[PDB]
């Protein structure tokens, strides 16, 4: 049979082919990105997994380690569900707690209402 395989942050169960496209279930704290193709992979009668289409990604606040999604260490953030690691808190910010999506700005600092969360804070 085809082995139970964890690949692309998604679990693919052990499966037997048929004389065989199977979908993958996203792993804990990983999700399918909004406009993206869901994890699918093909099983072959010789016991081989073939042509992986699509992937899951670690959601905000989590990053990819081995083949799991793990919380951002305190001091780091990840605001989108991207292929990136956790990013260190930017200039003029305060150390974030675990699983952070952004870092709080420092007393006396702000980021304009337009600016994203991956941006340094500026003097008010």
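Residue numbers count along the first chain shown, from 1.
Going from residue 19 to residue 20, the model skips 4 to 9 deposited residues, which lack coordinates. In this crystal structure, the stretch out of 107-115 and 21-29 whose C-alpha atoms carry the higher mean B factor is 107-115. The PDB entry assigns residue 78 a C-alpha temperature factor belonging to the middle third of its chain's modelled residues. In the deposited entry, the Cα temperature factor of residue 97 places it in the middle third of its chain's modelled residues.
Looking at the C-alpha B-factors along this chain, the one for residue 52 belongs to the lowest third. Ranked within its chain, residue 39 lands in the lowest third, by CA B factor from the PDB record. The deposited CA B-factor of residue 88 belongs to the lowest third of values across its chain.
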